[PDB]
Every structure is written in C-alpha cells, then in structure tokens.
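A.B. asks: Here you go, one structure.
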Amino acid sequence: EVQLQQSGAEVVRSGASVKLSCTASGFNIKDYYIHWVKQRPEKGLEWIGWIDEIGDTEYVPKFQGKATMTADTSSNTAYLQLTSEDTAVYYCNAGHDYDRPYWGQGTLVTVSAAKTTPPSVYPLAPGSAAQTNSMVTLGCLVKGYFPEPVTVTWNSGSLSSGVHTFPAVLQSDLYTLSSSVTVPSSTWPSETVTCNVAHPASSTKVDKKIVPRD
Amino acid sequence: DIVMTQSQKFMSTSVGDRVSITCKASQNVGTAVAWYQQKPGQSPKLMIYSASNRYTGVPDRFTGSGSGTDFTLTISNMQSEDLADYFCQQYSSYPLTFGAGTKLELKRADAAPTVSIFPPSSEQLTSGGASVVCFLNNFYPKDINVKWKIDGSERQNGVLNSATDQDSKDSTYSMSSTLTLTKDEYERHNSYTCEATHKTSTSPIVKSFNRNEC
Amino acid sequence: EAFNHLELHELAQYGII
Amino acid sequence: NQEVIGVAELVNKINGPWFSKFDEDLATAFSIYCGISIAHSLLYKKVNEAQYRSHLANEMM
Amino acid sequence: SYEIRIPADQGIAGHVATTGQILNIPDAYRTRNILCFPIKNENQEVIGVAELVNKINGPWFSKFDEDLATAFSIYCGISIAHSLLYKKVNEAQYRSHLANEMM
Amino acid sequence: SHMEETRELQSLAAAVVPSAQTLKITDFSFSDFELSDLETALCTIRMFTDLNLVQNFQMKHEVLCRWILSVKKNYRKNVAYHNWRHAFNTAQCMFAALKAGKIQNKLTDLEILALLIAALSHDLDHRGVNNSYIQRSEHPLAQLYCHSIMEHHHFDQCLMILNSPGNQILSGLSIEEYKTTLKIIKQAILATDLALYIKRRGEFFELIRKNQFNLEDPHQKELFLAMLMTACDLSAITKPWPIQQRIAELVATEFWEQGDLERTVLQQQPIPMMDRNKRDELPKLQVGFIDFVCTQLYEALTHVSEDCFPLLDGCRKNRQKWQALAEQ
C-alpha cells in the first residue's frame, strides 16, 4: 500500500534540535502539496506548515522562527528540523495540486535534558490487611530515572503471566513506573516474588525481591 | 481558520455495531472533506475524500460523510482493527486542520479491578523519599475513579498515575496509581487506604493498611 | 519577440510570453 | 371558475322545440372542456406570440 | 430524482426500445413479474419504455395487464410529449429574451 | 480512444441543439458556463455561418462542421482552458464583432473571412503552452520558428490544416480571395499573438484617436483587422463573474500547471503572477496584463468599432470583482 514513512521513536536531550523527516512513497509529491503536522498525544493533529511543487517552504507561526523545513518534490521528502508537549508524534500528508491521503508512522520525538539517572526500584508489599486476603497482590515502583523505560520482570518472568507493567511517568524529567503482580496467600510467601529491573542509559540495574511485609 | 474538532475519543462499543465519529468545521468547506484512519505510533490511512469518495485500499464497510460544517465518520461493520484512531481533515482551505483523533473501543462487561495499596519500603525510607502506591488490575470502563486516603483523607495532589489503556480486542483497562511524598509526608501520616469507586460496583473497592501494619 | 523594455517585464510577469 | 370569461348562447334545439333544463348543465359540462381548452390554448398562444416577439427584439443582440 | 439509462440495443426492456412491443413477463426471473411496454405517445414508435412490477389482484400480470396500461399510456404519452413540448418552448424561448438583454 | 470521441460525434448526430439566439453568444458577456464542447462547436458553426462567408467563399458544409469538430478533438485534453473553449470565446468575440458589431457595412467580406479563420486559428492545437515555454522548454516547434512561435505555428497550421483533409473550406475561394485570405490571415495570426499586436498597434491608435481612419486606405484597414484579432484572443475575460471565476482562476491554475512546468522542467525563480502563492494576488497581475492589452485595444475598438463596446465593458466589470480576490 502507498505510504509515507519517518524515523521511529527518539529521545533527544533538551535544547537539542531534532531533524525530523517525511519520506513520502507510493506517489510522487512532484505534483503534490505536502503538509506537516504535530500530534501532542490523543489530540488534534496540530498544523506545522506545508510546501508546494514550487519548492518554497511555508510554516505555521508556532513552528515559524523555530522549525526549519527542508523539503524536495522529486525526492518526495520533507525534513523538519526542530518540551513535554513537543515530546510528540509528528505526522505529515499530501494533496493534489489542482485539488484545493497517506501518512508516516508519526515521528515520536522525546525532548528531555536528563541522561544517566539510575532507577529507584522500590520493593512493594502490603502491610497485611485485616481484610484477610488469599490472592494477595504484590508489586514494585521503579522511580526517578531517565529515559523510558526500565526492563522489569517478576521472578525473571515466571510470574509475568498477567503481568501489570504500567507505563513510566515524569518526575522532574525522570520517569517512574509502578509494576505489579499477584500471588495466592496459600502459596505465599512460599513462592518467590521479585521485580528484576534494568535501566540502560542510567547505566544501572536494580533487582529487588519482594520480601514479606515490605 | 477552520478547526476540525472531534468530540469523539474513546467510545466503548461492541464489534459489528454502527458507530459515529463526529467532527465539525467552524466554517464552510464545500464537499472538500477528508476522513482518516489514524494510529498512535504508526501510519494513519485515508478514509474518505470529497465528502463521500472513499480511500483506496480501505474497506467499504465504513461510511464517512458530512459537508460544509457538520461532519461524521460513521463506521459500520466495525472491527477490532477499526478500534484505532480516526481524524477528520479539510483539504478545502489553508491552513489545513485535523481531528482530535478517536480511539474506538470494544464494549465489555463491567469487571472489578484488582485493587491493592502498598507501603513504601523501609529501604525506600532510607532514600528519604516515599511514594505510597496502589495497583488496580483490569477493569471496564476507563471512567475509573481512584480514591486515595492518607490518614483517611483524599489526595488529588502529590498523587501520580501509571496506567495501560485499550486492548485491540476486548479493550481491558488497567491502572496503577501512586503518591509521591517526602519521608515526613509519609511517616508523620499513619493510615493509608486505597478505595476505588467505579461503575463495576457502587461501593468503591477497598484495600488498606495502617503504617503500623508494615 | 523584441519589444519595448517597459513592455518586456510586463511580458515577463504577465500572460503574454 | 364561475367568473364570466365569456357568454355562449345556443339557438334552436332539435328533439323538443324548447331548450330543457337538460339543455343547460350539459352545456356547462361541455364548457368545462371547452373552457379549459380556451383558457389554456390561449395561454399557449399568448406565450407563443409574446415570447416569440421577444426574440424578435433579441435580433440586434 | 436520480437518472437511469440503458441503450436501445442492450437489455430486454432495451429490446422493447428496439421493438416497442408490449411485453408481459409473468415470471420475472419482491419482484415476480414485469409489464414491459413502451411509453409511446402519438405513435407506436418508441419514445420510451415503461415497466410495471408486482401486480395486486392475480399474482401474475395478465394480458389484461397490458393493453389497458397502453390506453393509460395514451393519456400519459400525450401528457409527456405535449408537456415537454411546453417546457422546451418555455426554457428555450425564455432564454432567447435572456439573450435579448443588450438590445 | 477514438471510439469514444466518435461517440461524441453521434452526440453531434443525436442531441438537442439550442439556437445561438437562445444561447446569448451575441451578448458579449455570455454564459459559456453551461455549454459543452459540442455546443460551443455549434456556436462555432454559427461563427462560420452568419458572417456571410460561406456564400462569399463557397465553404463546404460538413467539411466545415467537422473542421470545427476536428479542431475540437485535436486539442490535447491535459490542457485546462486553452482548448476548444478558448477558440469558442475568441471567435465568439470575432463573430459578435462582425455581426452584432455590424462592422460589415465598413470592412470587406474578405476581411471578415480573414478575421474569422485567423480568430479560430489564433491558438490551434494549443498545448497549454505559450510562446515562451517552448522557447525555453525547447519543443521542436520552437526551433522551427522564432518570433511568436505558437502563432507562426497557428498560421502554419492555418495554411496546412485548411489545406489538410476534412478542413478544405478554402477550396471554394477564388485565387485573389484566397491570396488576400491566407496573407491577411498571416499578418493577423501573427497579431493574434498579443505581442506582435503590441508591435503593430501604435500606428493603429495614431490612426484612430483623431477619427481620421479610412477603409479606402487598405493597410490601415488590415491593421484594424489585426487589432480586432488581438481583441478576440483574450475575450474570455469578457464573461460574467460566477463564470469568470472559473475562467480566470483556470487562467490561474492553468498558468500554475504551466507554471509548475516553469518550476520543474524550467525551475525559474518564480514571477509574481504564475507563482501559485499569489492566488490571492494574481488578479491584480491580470489587471496589469489587462491594462497592457485589453483596455488599450478596446478603447480604439470603442471609438471605431461600435456595438463592440460591451466587449470592453464586459472586461472592465471583472476589474474590481477580481480585485476582491486580489484583496485576499
């Protein structure tokens, strides 16, 4: 199928320009308008600017004075040189010149200054309830680390069935996820429970068994 | 200009049901209208062009129309693949504008999430910081209402969230939640209760521990 | 198509040649 | 309509020397078809002559 | 009033356009029968081709469900040829005085 | 391919034909918005019809009608406006000038012939291409000539196609009438180009402004013929705004396709008019064009030719109406 394509997910440092792309394919843009747009997540594909067969660049004021397009029609390509919202999925499309329909994956830019911030993988078990539970839940909270993500497994994956590996979220530009698992009390603490975790760019593994109570 | 707003976002409807992805031009655009089949992190497809005319390679089971101002992509014979984003576009007038996106969801029966609040570890207490946590496992719909209780008191600030969203099939929803706190803002407090009101049951699901329990 | 210079740019940016 | 577009007058009946009350309403029903034929064929003729003479005035341009 | 078109050589109703024959189809293949007869007008010449579908009273179209439709198509055919005769003169001779404009 | 075009030939053989007096072509600001290429061809049959040429020059019947339909099919279909419709408006202006303008009382029927055939051969087989494009895109026709190459080609295809089969309306002409025909048509097709018009026009205006023009001084008269020619070559501007929108925004988009060619196979730094960017400022650049040829020519075509005044007025009405689109 006819399709545009772009670079995949990326994690640039803050203040560092990121050179986006828009490689149209399955049709010449040699006769077509090309339209860059931004997606801050789950919202309107907010517009960036466009270029015609004339070969002259054009920008939205939001990206004018900021973004730096470099596009060519015969190459069927539109580069877009470039916050937490800017940490976004950038799309781009087309249109017939006589006219007043295809897309790339949307470049997932991620702008943040942080580099080597080691994970804080906190072991997490309940103070036992007066509720008296059998299928007791157990968990971990990896915390304050950059960038996404950290590899995490329960007992190196034996308890990873039905695993709850929730997405990391920012904390002073340092991500933090709350993974979880559940075991029967009839089999606890007789069964080992352990969140093995590794964080690359931080250059820090952390592997934490869930000892009882905490 | 002419914004392509979409009130539609994350409807939970069963496969094969008719569904309408609403959109609305702020100004006249004529028949020049273009519906699209968006995906997060992945390439969008066209749906409709010229208000009625359909994209090449998309199934005809879909319907997509509206003109001038009022717009609607009425998907029919909806499938799990149809349970992805969609956005309206005008190619009618510069600057071109775009839909908010709409990630369709398969309907399912209400199911109680596996809630469980957990203590920060004493090993975490050594760090001088403490994020009280709770894990809510698998529920419908995404209109979940998490309910923290520091010393029985509700917390909407200092809390954070980490949650998976839609499954491409049944669209089960899961949500971990946390509560970043200074070691004073943890230890000075004692009771900690994770309630969670939801439509699965009128009474919030309740898991809890006093700080003494751990 | 030789013509007056006043005419030529008016040929160079208008419909004629 | 009953409005007087005109006034017919028949003279000298065959079968019964007098005109009958029968020799009235039937003439009116006959005058339905005749009256529609008159109003509408003249409607046709007025459109003919007028709209034709119009293109006769169209001649210069 | 979306248009429908069919060449006089192609088709069965088109065959009627070729012929002008009144032509019953008691078994159509809730369509189950078709009375395919010419619109006609002044003449048996094919100005058009009507086709009725699904009789009430007697599930089939009869030979009775033919010629009477033709007699109905006398009045209908005159109404069509002459009302169109009216509208053509209207549009054309009106647009003529529309051209009269400058003089 | 041809099977469908000749199916259109049966559309000629089987369709209602509205009269020219019904089709407002005598009105200079005519609505060509609803005419098909066939109906415009029929109006072109009128254009060969009322000019009293077929009687004065013995044109063949269907050879002429299919002169008209052949010139109709010959235009490449990629072209926007500069196709058969362009010839329709041009010879609309010509036919209207020589009948509605009532100039026949003045100039000779020979000249009416030259005016008409050169009017329909102002832009034969136009390829969406003006002189300059082939002069720089270097189509072989460009090297085939020099000045006004499209129009030297239009005289070339005048003398050729009219002598070519299915087009011999020159066949009935006497050798003198034929000589005056192709020669005056030569100079006129050279002047069908707006440019060689700009060249020849000054003698004309000098001979017109003082009301000293005389038709018993024939070269001046032929020069008037050329002036009417150029008056006809751009007559599409005379049309009404709902329609003119289509016509001159197809001047826009067609010189923007040709201008796409000016920025692909030519790649010049863009000029303001044929640059697409000035969609909201193109019409002013029409006016600077319009003042350069139209009004300047239609003023003299006003003071001598008479009923042809709306051919001027029907242009001027567009001015501000396009200035609106020129005013964003």
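Each chain of the structure tokens is named A, B, ... in the order shown, its residues numbered from 1; ligands are numbered from 1 in display order.
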As a count of residues only, please: the residues near residue 150 of chain B (cut-off 7 Å, only C-alpha atoms, same-chain neighbours under 4 positions excluded).

C.D. replies: 6

A.B. asks: Write out as a ChimeraX atom specification all residues of segment 4-187 of chain B that backbone DSSP assigns to helix (DSSP H, G or I).

C.D. replies: /B:122-125,183-187

A.B. asks: With a cut-off of 10 Å, could you pull out the residues of chain E touching chain F and give me the nearest pair of atoms for each, distance in Å to one decimal, using only C-alpha atoms, ordered by chain and ascending number, as CSV?

C.D. replies:
residue,atom,partner,partner_atom,distance
E:91,CA,F:22,CA,9.1
E:92,CA,F:22,CA,6.1
E:93,CA,F:22,CA,6.8
E:94,CA,F:22,CA,8.0
E:95,CA,F:22,CA,5.3
E:96,CA,F:22,CA,4.1
E:97,CA,F:22,CA,7.7
E:98,CA,F:24,CA,7.2
E:99,CA,F:24,CA,4.3
E:100,CA,F:24,CA,7.8
E:101,CA,F:27,CA,7.4
E:102,CA,F:27,CA,6.5
E:103,CA,F:27,CA,9.0

A.B. asks: Contacts between chain A and chain B, please, where a residue of chain B counts if it comes within 8 Å (with only C-alpha atoms); show its shortest atom pair and distance in Å to one decimal, rows by chain and ascending number, as JSON lines.

C.D. replies:
{"residue": "B:4", "atom": "CA", "partner": "A:44", "partner_atom": "CA", "distance": 7.7}
{"residue": "B:5", "atom": "CA", "partner": "A:44", "partner_atom": "CA", "distance": 7.2}
{"residue": "B:32", "atom": "CA", "partner": "A:100", "partner_atom": "CA", "distance": 7.7}
{"residue": "B:34", "atom": "CA", "partner": "A:101", "partner_atom": "CA", "distance": 7.9}
{"residue": "B:36", "atom": "CA", "partner": "A:101", "partner_atom": "CA", "distance": 7.7}
{"residue": "B:39", "atom": "CA", "partner": "A:105", "partner_atom": "CA", "distance": 7.9}
{"residue": "B:40", "atom": "CA", "partner": "A:89", "partner_atom": "CA", "distance": 7.8}
{"residue": "B:41", "atom": "CA", "partner": "A:105", "partner_atom": "CA", "distance": 5.6}
{"residue": "B:42", "atom": "CA", "partner": "A:105", "partner_atom": "CA", "distance": 3.7}
{"residue": "B:43", "atom": "CA", "partner": "A:105", "partner_atom": "CA", "distance": 3.7}
{"residue": "B:44", "atom": "CA", "partner": "A:103", "partner_atom": "CA", "distance": 5.3}
{"residue": "B:45", "atom": "CA", "partner": "A:102", "partner_atom": "CA", "distance": 5.6}
{"residue": "B:46", "atom": "CA", "partner": "A:101", "partner_atom": "CA", "distance": 4.8}
{"residue": "B:55", "atom": "CA", "partner": "A:101", "partner_atom": "CA", "distance": 7.5}
{"residue": "B:57", "atom": "CA", "partner": "A:1", "partner_atom": "CA", "distance": 7.5}
{"residue": "B:87", "atom": "CA", "partner": "A:44", "partner_atom": "CA", "distance": 7.9}
{"residue": "B:91", "atom": "CA", "partner": "A:100", "partner_atom": "CA", "distance": 6.0}
{"residue": "B:92", "atom": "CA", "partner": "A:100", "partner_atom": "CA", "distance": 5.3}
{"residue": "B:93", "atom": "CA", "partner": "A:100", "partner_atom": "CA", "distance": 6.7}
{"residue": "B:95", "atom": "CA", "partner": "A:47", "partner_atom": "CA", "distance": 7.4}
{"residue": "B:96", "atom": "CA", "partner": "A:47", "partner_atom": "CA", "distance": 7.0}
{"residue": "B:97", "atom": "CA", "partner": "A:47", "partner_atom": "CA", "distance": 6.4}
{"residue": "B:98", "atom": "CA", "partner": "A:45", "partner_atom": "CA", "distance": 5.2}
{"residue": "B:99", "atom": "CA", "partner": "A:44", "partner_atom": "CA", "distance": 4.9}
{"residue": "B:100", "atom": "CA", "partner": "A:44", "partner_atom": "CA", "distance": 3.6}
{"residue": "B:101", "atom": "CA", "partner": "A:43", "partner_atom": "CA", "distance": 6.0}
{"residue": "B:102", "atom": "CA", "partner": "A:42", "partner_atom": "CA", "distance": 7.8}
{"residue": "B:114", "atom": "CA", "partner": "A:137", "partner_atom": "CA", "distance": 8.0}
{"residue": "B:116", "atom": "CA", "partner": "A:137", "partner_atom": "CA", "distance": 6.3}
{"residue": "B:117", "atom": "CA", "partner": "A:126", "partner_atom": "CA", "distance": 6.7}
{"residue": "B:118", "atom": "CA", "partner": "A:126", "partner_atom": "CA", "distance": 4.4}
{"residue": "B:119", "atom": "CA", "partner": "A:126", "partner_atom": "CA", "distance": 5.9}
{"residue": "B:120", "atom": "CA", "partner": "A:124", "partner_atom": "CA", "distance": 6.3}
{"residue": "B:121", "atom": "CA", "partner": "A:214", "partner_atom": "CA", "distance": 5.2}
{"residue": "B:122", "atom": "CA", "partner": "A:214", "partner_atom": "CA", "distance": 7.3}
{"residue": "B:123", "atom": "CA", "partner": "A:122", "partner_atom": "CA", "distance": 7.7}
{"residue": "B:124", "atom": "CA", "partner": "A:122", "partner_atom": "CA", "distance": 6.1}
{"residue": "B:133", "atom": "CA", "partner": "A:141", "partner_atom": "CA", "distance": 7.8}
{"residue": "B:135", "atom": "CA", "partner": "A:180", "partner_atom": "CA", "distance": 6.8}
{"residue": "B:137", "atom": "CA", "partner": "A:164", "partner_atom": "CA", "distance": 7.4}
{"residue": "B:161", "atom": "CA", "partner": "A:169", "partner_atom": "CA", "distance": 7.4}
{"residue": "B:162", "atom": "CA", "partner": "A:167", "partner_atom": "CA", "distance": 5.4}
{"residue": "B:163", "atom": "CA", "partner": "A:166", "partner_atom": "CA", "distance": 5.2}
{"residue": "B:164", "atom": "CA", "partner": "A:166", "partner_atom": "CA", "distance": 5.8}
{"residue": "B:174", "atom": "CA", "partner": "A:164", "partner_atom": "CA", "distance": 7.9}
{"residue": "B:175", "atom": "CA", "partner": "A:166", "partner_atom": "CA", "distance": 7.4}
{"residue": "B:176", "atom": "CA", "partner": "A:178", "partner_atom": "CA", "distance": 6.2}
{"residue": "B:177", "atom": "CA", "partner": "A:178", "partner_atom": "CA", "distance": 7.4}
{"residue": "B:178", "atom": "CA", "partner": "A:178", "partner_atom": "CA", "distance": 7.6}
{"residue": "B:207", "atom": "CA", "partner": "A:129", "partner_atom": "CA", "distance": 7.6}
{"residue": "B:208", "atom": "CA", "partner": "A:129", "partner_atom": "CA", "distance": 6.5}
{"residue": "B:209", "atom": "CA", "partner": "A:127", "partner_atom": "CA", "distance": 5.7}
{"residue": "B:210", "atom": "CA", "partner": "A:127", "partner_atom": "CA", "distance": 7.4}
{"residue": "B:211", "atom": "CA", "partner": "A:127", "partner_atom": "CA", "distance": 7.5}
{"residue": "B:212", "atom": "CA", "partner": "A:127", "partner_atom": "CA", "distance": 7.8}
{"residue": "B:213", "atom": "CA", "partner": "A:127", "partner_atom": "CA", "distance": 4.5}
{"residue": "B:214", "atom": "CA", "partner": "A:127", "partner_atom": "CA", "distance": 4.2}

A.B. asks: Determine which residues of segment 21-58 of chain B DSSP labels as strand (DSSP E) from the backbone of this structure, then write them out as a ChimeraX atom specification.

C.D. replies: /B:21-24,34-39,42-49,53-54

A.B. asks: Up to 9 Å from chain F, what residues of chain A turn up? Count only C-alpha atoms and give them as a PyMOL selection string.

C.D. replies: chain A and resi 30-31+52-55+97-98

A.B. asks: Keeping only N, CA and C atoms, take the residues you just selected and write them out as an mmCIF file, in the first residue's frame.

C.D. replies:
data_model
loop_
_atom_site.group_PDB
_atom_site.id
_atom_site.type_symbol
_atom_site.label_atom_id
_atom_site.label_comp_id
_atom_site.auth_asym_id
_atom_site.auth_seq_id
_atom_site.Cartn_x
_atom_site.Cartn_y
_atom_site.Cartn_z
ATOM 1 N N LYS A 30 5.825 15.336 -6.498
ATOM 2 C CA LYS A 30 6.332 16.246 -7.512
ATOM 3 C C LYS A 30 5.206 17.111 -8.061
ATOM 4 N N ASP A 31 3.979 16.610 -7.977
ATOM 5 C CA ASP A 31 2.804 17.402 -8.319
ATOM 6 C C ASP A 31 1.918 17.684 -7.106
ATOM 7 N N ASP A 52 4.762 23.378 -1.545
ATOM 8 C CA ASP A 52 4.111 23.135 -2.825
ATOM 9 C C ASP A 52 5.136 22.632 -3.843
ATOM 10 N N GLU A 53 4.667 22.370 -5.058
ATOM 11 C CA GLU A 53 5.504 21.980 -6.186
ATOM 12 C C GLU A 53 6.479 23.101 -6.537
ATOM 13 N N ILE A 54 6.147 24.310 -6.099
ATOM 14 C CA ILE A 54 7.009 25.470 -6.267
ATOM 15 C C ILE A 54 8.348 25.268 -5.552
ATOM 16 N N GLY A 55 8.348 24.416 -4.531
ATOM 17 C CA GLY A 55 9.559 24.086 -3.803
ATOM 18 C C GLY A 55 9.878 25.048 -2.675
ATOM 19 N N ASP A 97 -2.331 19.069 -6.567
ATOM 20 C CA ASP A 97 -2.109 20.491 -6.825
ATOM 21 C C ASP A 97 -3.337 21.178 -7.418
ATOM 22 N N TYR A 98 -4.020 20.496 -8.333
ATOM 23 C CA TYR A 98 -5.274 21.003 -8.874
ATOM 24 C C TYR A 98 -6.344 20.988 -7.788
#

A.B. asks: If we count only C-alpha atoms, which residues of chain C reach to within 8 Å of chain F? Please list them as a list in words.

C.D. replies: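 That gives the following set of residues: residues 1, 3, 10, 12, 13, 14, 15, 16 and 17 of chain C.
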
A.B. asks: Considering only C-alpha atoms, extract the chain D residues located within 10 Å of chain F and return them as a ChimeraX atom specification.

C.D. replies: /D:55-56,58-61

A.B. asks: Name all residues at most 12 Å from segment 18-31 of chain D (count only C-alpha atoms; drop same-chain ones fewer than 6 positions away) and give them as a PyMOL selection string.

C.D. replies: chain D and resi 1-2+5-12+37-39

A.B. asks: Determine, counting only C-alpha atoms, which protein, DNA and RNA residues have an atom within 9 Å of an atom of residue 53 of chain E; residues of the same chain fewer than 5 positions away are not included. Present the result as a list in words.

C.D. replies: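 In the requested format, the answer is residues 28, 30, 31, 32, 33, 34, 35, 36 and 61 of chain E.
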
A.B. asks: Let's have the selection written as a PDB file, in the first residue's frame, with N, CA and C atoms.

C.D. replies:
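Dumped to result_17.pdb:
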ATOM      1  N   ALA E  28     -40.731 -13.099 -13.394  1.00  0.00           N
ATOM      2  CA  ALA E  28     -39.700 -12.073 -13.544  1.00  0.00           C
ATOM      3  C   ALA E  28     -38.290 -12.623 -13.685  1.00  0.00           C
ATOM      4  N   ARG E  30     -39.930  -7.582  -3.783  1.00  0.00           N
ATOM      5  CA  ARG E  30     -40.397  -8.925  -4.105  1.00  0.00           C
ATOM      6  C   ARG E  30     -40.834  -9.020  -5.560  1.00  0.00           C
ATOM      7  N   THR E  31     -39.907  -8.744  -6.470  1.00  0.00           N
ATOM      8  CA  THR E  31     -40.194  -8.788  -7.897  1.00  0.00           C
ATOM      9  C   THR E  31     -40.571 -10.207  -8.320  1.00  0.00           C
ATOM     10  N   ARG E  32     -41.615 -10.326  -9.136  1.00  0.00           N
ATOM     11  CA  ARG E  32     -42.085 -11.633  -9.581  1.00  0.00           C
ATOM     12  C   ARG E  32     -42.700 -11.563 -10.972  1.00  0.00           C
ATOM     13  N   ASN E  33     -43.008 -10.349 -11.419  1.00  0.00           N
ATOM     14  CA  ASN E  33     -43.454 -10.131 -12.790  1.00  0.00           C
ATOM     15  C   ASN E  33     -43.184  -8.706 -13.263  1.00  0.00           C
ATOM     16  N   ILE E  34     -43.085  -8.521 -14.576  1.00  0.00           N
ATOM     17  CA  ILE E  34     -42.888  -7.183 -15.127  1.00  0.00           C
ATOM     18  C   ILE E  34     -43.728  -6.933 -16.369  1.00  0.00           C
ATOM     19  N   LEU E  35     -44.515  -5.864 -16.355  1.00  0.00           N
ATOM     20  CA  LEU E  35     -45.184  -5.427 -17.572  1.00  0.00           C
ATOM     21  C   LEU E  35     -44.296  -4.434 -18.297  1.00  0.00           C
ATOM     22  N   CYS E  36     -43.563  -4.917 -19.295  1.00  0.00           N
ATOM     23  CA  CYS E  36     -42.647  -4.054 -20.023  1.00  0.00           C
ATOM     24  C   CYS E  36     -43.275  -3.584 -21.330  1.00  0.00           C
ATOM     25  N   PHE E  61     -49.107 -10.668 -13.910  1.00  0.00           N
ATOM     26  CA  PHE E  61     -49.686  -9.761 -14.892  1.00  0.00           C
ATOM     27  C   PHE E  61     -50.447 -10.555 -15.941  1.00  0.00           C
TER      28      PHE E  61
END

A.B. asks: Can you check which parts of chain D lie within 12 Å of chain E? Per residue, the shortest pair of atoms and distance in Å to one decimal, counting only C-alpha atoms, sorted by chain and number, as CSV.

C.D. replies:
residue,atom,partner,partner_atom,distance
D:40,CA,E:86,CA,11.5
D:41,CA,E:86,CA,11.3
D:43,CA,E:86,CA,11.0
D:44,CA,E:86,CA,8.3
D:45,CA,E:86,CA,11.4
D:47,CA,E:90,CA,8.4
D:48,CA,E:89,CA,8.4
D:49,CA,E:93,CA,10.7
D:50,CA,E:93,CA,9.9
D:51,CA,E:93,CA,6.1
D:52,CA,E:93,CA,6.8
D:53,CA,E:97,CA,9.1
D:54,CA,E:97,CA,5.5
D:55,CA,E:97,CA,5.4
D:56,CA,E:100,CA,8.6
D:57,CA,E:100,CA,6.4
D:58,CA,E:100,CA,3.8
D:59,CA,E:100,CA,7.3
D:60,CA,E:103,CA,5.7
D:61,CA,E:103,CA,5.1

A.B. asks: Filtering to C-alpha atoms, could you give me those residues as a PDB file, in the first residue's frame?

C.D. replies:
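The new file selection00.pdb reads:
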ATOM      1  CA  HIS D  40     -55.100  27.066 -21.871  1.00  0.00           C
ATOM      2  CA  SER D  41     -54.785  27.118 -25.664  1.00  0.00           C
ATOM      3  CA  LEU D  43     -52.477  30.562 -22.650  1.00  0.00           C
ATOM      4  CA  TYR D  44     -50.331  28.738 -25.186  1.00  0.00           C
ATOM      5  CA  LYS D  45     -50.883  31.358 -27.883  1.00  0.00           C
ATOM      6  CA  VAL D  47     -46.809  32.656 -24.677  1.00  0.00           C
ATOM      7  CA  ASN D  48     -46.169  31.982 -28.352  1.00  0.00           C
ATOM      8  CA  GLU D  49     -46.734  35.475 -29.727  1.00  0.00           C
ATOM      9  CA  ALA D  50     -45.227  37.342 -26.799  1.00  0.00           C
ATOM     10  CA  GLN D  51     -42.159  35.231 -26.126  1.00  0.00           C
ATOM     11  CA  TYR D  52     -41.557  34.975 -29.896  1.00  0.00           C
ATOM     12  CA  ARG D  53     -41.770  38.717 -30.454  1.00  0.00           C
ATOM     13  CA  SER D  54     -39.326  38.900 -27.569  1.00  0.00           C
ATOM     14  CA  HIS D  55     -36.663  37.086 -29.569  1.00  0.00           C
ATOM     15  CA  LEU D  56     -37.722  39.302 -32.447  1.00  0.00           C
ATOM     16  CA  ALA D  57     -36.500  42.099 -30.179  1.00  0.00           C
ATOM     17  CA  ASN D  58     -33.468  39.922 -29.450  1.00  0.00           C
ATOM     18  CA  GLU D  59     -32.435  40.412 -33.074  1.00  0.00           C
ATOM     19  CA  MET D  60     -29.907  43.213 -32.595  1.00  0.00           C
ATOM     20  CA  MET D  61     -28.306  41.423 -29.634  1.00  0.00           C
TER      21      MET D  61
END

A.B. asks: For the atom pair atom CA of residue 316 of chain F and atom CA of residue 237 of chain F, what is the interatomic distance in Å to one decimal place?

C.D. replies: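 Between these atoms lies a distance of 8.7 Å.
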